[PDB]
Each structure stands twice: as C-alpha cells, then as structure tokens.
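> So for the sequence shown, the authors' numbering puts the first residue at 1; every next one is plus one.
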Amino acid sequence: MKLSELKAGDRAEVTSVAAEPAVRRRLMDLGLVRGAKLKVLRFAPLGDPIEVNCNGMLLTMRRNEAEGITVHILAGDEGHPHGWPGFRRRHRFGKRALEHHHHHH
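1) Within the continuous alpha helix (DSSP H) that includes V23, where are the two ends?
2) Would you mind giving the Cβ-Cβ distance between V14 and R34, rounded to the nearest angstrom? I have them listed as a contact below 8 Å.
3) Check the C-beta distance from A66 over to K2 and give it rounded, since I have them as a contact under 8 Å.
4) Take the Cβ of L32 as the centre, count every other Cβ of all protein chains shown within 10 Å, and call the residue buried at 16 or more, exposed below.
5) Given a threshold of 16 other Cβ atoms within 10 Å of its Cβ, counted over all protein chains shown, does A44 qualify as buried or as exposed?
6) Within its chain, find whatever has a CB closer than 7 Å to the CB of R24; leave out the 5 residues flanking it on each side and keep chain order.
7) Where do the ends of the alpha helix (DSSP H) carrying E65 lie?
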C-alpha cells in the first residue's frame with residue numbers, strides 16, 4: 001500500500017521506501033525509516049506535494065515519492081483487513097545478498 005494511497009488524517013507506519021538512494025537517505029536521516037509513524041496532514045490544494053507529520057516532524061515530499069513508499073495502516077479495523085500474502089510469509093529472491101561488502105569492489 002502506497003503512502004500516497006492514504007487519506008488526509010490517516011495514520012501509517014513506514015514499512016519500506018522505494019525511491020532515490022539520496023532521497024530515501026534524506027528521509028531516513030530526518031526520521032522516516034522502517035517503523036516511522038506518520039500522520040498524513042494534507043495534500044496540496046491541487047494534489048502535490050503531500051505534507052506528512054512523521055515522528056513529530058512535518059516532512060514535505062512529492063506525491064510520486066509517496067507512491068514509492070509502502071506503509072502499514074496503524075488501525076486494525078475490519079472491512080476486509082487482510083490483503084496480499086506478505087505479512088506472515090514473505091519470500092522473494094532479492095536484496096544485496098552479500099551483506100558485508102559495501103566498501104569493497
């Protein structure tokens with residue numbers, strides 16, 4: 001689910017951010033990381049950008065950036081609360097497999 005798929009006043013926790021390496025870094029340096037809780041304050045009077053209150057900090061980013069961001073709703077309501085199978089079992093070949101060599105080669 002996208003961060004852009006939220007509502008004005010919605011409450012979500014960031015699970016993953018798919019964006020520019022520098023942008024994701026910038027956001028995470030602010031505090032928008034996995035586990036960051038944010039409230040969607042408002043979208044601009046036209047559609048973009050979006051103002052979100054993340055961990056107390058008002059972070060302003062572009063709607064297309066919010067599309068890259070996957071969030072989890074901080075509201076366990078009903079009305080079909082289960083979607084795709086990736087919360088109890090999540091397996092896909094990916095990630096930097098060699099988790100050690102970042103400065104080498």
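Just so you know, even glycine gets a beta-carbon here, dropped at the ideal spot from N, CA and C.
To lay it out plainly:
1) Run containing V23: 21-30, per the alpha helix (DSSP H) assignment.
2) That belief holds up - the Cβ atoms of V14 and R34 are roughly 6 Å apart, short of 8 Å.
3) That belief holds up - the Cβ atoms of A66 and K2 are roughly 6 Å apart, short of 8 Å.
4) Looking at its Cβ environment, which holds 16 or more other Cβ atoms inside 10 Å, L32 is buried.
5) Under the 10 Å beta carbon count, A44 is surrounded by fewer than 16 other beta carbons and is classified as exposed.
6) So the list reads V17, once near-sequence residues are dropped.
7) Boundaries of the alpha helix (DSSP H) harbouring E65: 63-68, taken from the DSSP string.
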